[PDB]
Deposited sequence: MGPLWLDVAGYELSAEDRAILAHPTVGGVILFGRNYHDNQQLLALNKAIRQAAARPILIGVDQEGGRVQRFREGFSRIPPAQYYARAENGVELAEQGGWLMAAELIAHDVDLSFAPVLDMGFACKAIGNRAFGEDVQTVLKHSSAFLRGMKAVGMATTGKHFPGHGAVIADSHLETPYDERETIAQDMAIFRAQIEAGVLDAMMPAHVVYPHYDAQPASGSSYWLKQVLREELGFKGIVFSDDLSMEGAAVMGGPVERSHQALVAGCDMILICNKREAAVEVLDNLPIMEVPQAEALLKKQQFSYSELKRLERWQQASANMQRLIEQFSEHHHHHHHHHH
């Protein structure tokens, strides 16, 4: 695997997608709703992706439940992360949620979902009910549960959005700011999940914490190195934010993400810029990214035979209905 995650246009690989997936700078492919028509089509495309790379490669997606579920039709609907803690059954249900979400991606040949959201609070319009809670305990208590489900089926985990996007309650510049003099609680959540060793990966917030550092966390040496590696001893993979959203052109920016301390970089919704990176960036391997590869393998028929799937999909459906 190389460092670059990119995307494709639709339901099937084009000639150009194929030539690009064979380039050793690509490490992974991130799928969106636009790449999903139906269960069999999804399987066929993921099979075509792995085939064109002729080498291990990652297939990722943002499948959190609720406001962010790329694949809905033909899947179990997963509730907003927020709901779990509102049932008096929350830990039990969050785990089922995480297990069901993870299990079904895997059943369709996807390695990982970019989750869980470890942000605190609901006031950030963009995070909202994507968060597990408004306080450190609620959040830790329920995302640990979601985390454990993911891991039970062999799915690598990704805490986002470090060091915490849940209080970004402002908005007329290009980059979002969070001007608190301290974000100690928001970050205590990432710290504990790191210490417990339950995250394989971490996605940084594209947010400036002016009290701390001038750069957006996703592109900040302080946040990704001093804080994330040195102060917290995180040992997993570090993603960049989508490098499409100062620093220079595509290849200039990627280079900064990497120097800032990202192990991998995402370039979405801009094919020309991904290609510019493939053509001009010196080749680097990210072998430790092998750790994100899904660890189990099964089909959707085999899965739908576990009592566990039958309970979980029934229990998620009613959890959703319970809080319309």
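- Within the chain's deposited sequence, the coordinate-free stretches run 172, 247 to 250, 330 to 340 in sequence order.
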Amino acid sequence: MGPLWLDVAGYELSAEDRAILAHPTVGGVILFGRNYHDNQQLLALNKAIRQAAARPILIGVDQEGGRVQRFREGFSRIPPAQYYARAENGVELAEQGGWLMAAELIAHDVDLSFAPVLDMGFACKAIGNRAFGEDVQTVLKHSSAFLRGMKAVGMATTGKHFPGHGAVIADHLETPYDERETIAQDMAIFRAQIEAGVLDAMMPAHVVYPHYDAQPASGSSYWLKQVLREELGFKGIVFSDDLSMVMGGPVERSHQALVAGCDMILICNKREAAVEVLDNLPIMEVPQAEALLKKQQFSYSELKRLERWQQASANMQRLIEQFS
From here on, numbers count along this sequence of modelled residues.
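- Looking at mean Cα B-factors across 248 to 256 and 231 to 239, the upper value is held by 248 to 256.
- Two stretches are in play, 179 to 187 and 76 to 84, and the higher mean C-alpha B-factor belongs to 179 to 187.
- Of all the options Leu147, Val153, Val168, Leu112, the entry's greatest CA B-factor is assigned to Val168.
- Within the selection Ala201, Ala107, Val208, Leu140, the deposited Cα B-factor values reach their highest point at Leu140.
- Per-chain ranking of the deposited C-alpha B factor places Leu100 in the lowest third.
- Among the modelled residues of the chain, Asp213 sits in the lowest third by CA temperature factor in this PDB entry.
- For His37, the recorded CA B-factor ranks within the highest third of the chain. Only modelled residues enter the ranking.
- When the modelled residues of the chain are ordered by their C-alpha B factor, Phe162 lands in the lowest third.
- Residue-level temperature factors show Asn89 in the highest third of its chain, judged at the C-alpha atom.
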